[PDB]
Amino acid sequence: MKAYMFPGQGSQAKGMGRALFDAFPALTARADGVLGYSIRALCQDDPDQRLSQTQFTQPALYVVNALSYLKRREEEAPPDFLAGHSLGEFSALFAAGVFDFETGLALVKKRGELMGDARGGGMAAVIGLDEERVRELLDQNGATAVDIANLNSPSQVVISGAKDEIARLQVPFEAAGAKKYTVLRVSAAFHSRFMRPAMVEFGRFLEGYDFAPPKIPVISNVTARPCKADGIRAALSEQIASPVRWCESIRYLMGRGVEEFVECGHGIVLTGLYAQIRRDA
């Protein structure tokens, strides 16, 4: 059994998807219709470094992920399971037939707008400490307005919360053995109940859409379990204000009997995480 893993923000790069745009002109033109600009130009030329701006990053990654999936479907047996990291969930749901290509793109355009417009707090990516140690450090350093935002691998955790606390934690984390502590280029503290207002707004926006049942199971970032057909809106809206349980999602799949994990999209970010999750598990 095989799972496809769809990457999210941070995996984008100038030049991504070139051969896919060539191969899928109808979807390229349809993407342009939703976005109002050339998706190929965004990805190939990266005008004014817009690929690093979340309102553009999210649609770019959704399109490249989607086309990457369709290329794999032409060439390889279908996957048994799908999982996407944050933005990647939307590509996974597209692959599963939950919504059509344009609908998913509209959802991600909105997610990009909500996240670009969000304010308050920040985030840091930590390499070299496990969840238990990170939680201990947050308590020891009195960072009561910081929480764990992503559990990405046994040694890769993202934290989120008050900007001053995120700044002040860097040296203590490094002194405890973090190999790297990197404050992220994000508008706000995502993946805590701090982001509740945006979660509420996104939920309301999703009421206007009509979803289909997944044809292939999609493992939710929120629950680390398969998305329920009746639960798409909760899965997607709550995701932005909840910890991303990526490590647990991969471990769930391993426990179900999945032996082959393939990254579907540009880059090797999730491949790297998987190697680390696999080595520990």
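Heads up, when I say rigid core I mean the largest set of C-alphas that superpose within 1.5 Å between the two forms. Residue numbers here begin at 1 and follow the sequence given.
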After a rigid core fit, does 194 to 202 or 80 to 88 show more C-alpha displacement in 4 other deposited structures of this protein?
-> 194 to 202
Relative to this form, superposed by the core, which stretch has the greater CA RMS in 4 other deposited structures of this protein: 53 to 61 or 229 to 237?
-> 229 to 237
Going by the average Cα B-factor in the PDB entry, point out whether 26 to 34 or 47 to 55 comes out higher.
-> 47 to 55
Please work out which of 125 to 133 and 79 to 87 has the higher mean CA B-factor as recorded in the PDB entry.
-> 125 to 133
The largest CA temperature factor among 199, 159, 95, 183 is found at 183
Comparing residue 255 with the other modelled residues of its chain, is its CA B-factor in the lowest, middle or highest third?
-> highest
Select lowest, middle or highest to describe the third in which the CA B-factor of residue 1 falls within its chain in this entry.
-> highest
Where the record places residue 247 (Cα B-factor, split into thirds across the chain) | middle
Looking at the C-alpha B-factor of residue 112, is it in the lowest, middle or highest third of its chain?
-> lowest
What third of the chain, by the recorded C-alpha B-factor, contains residue 72?
-> highest
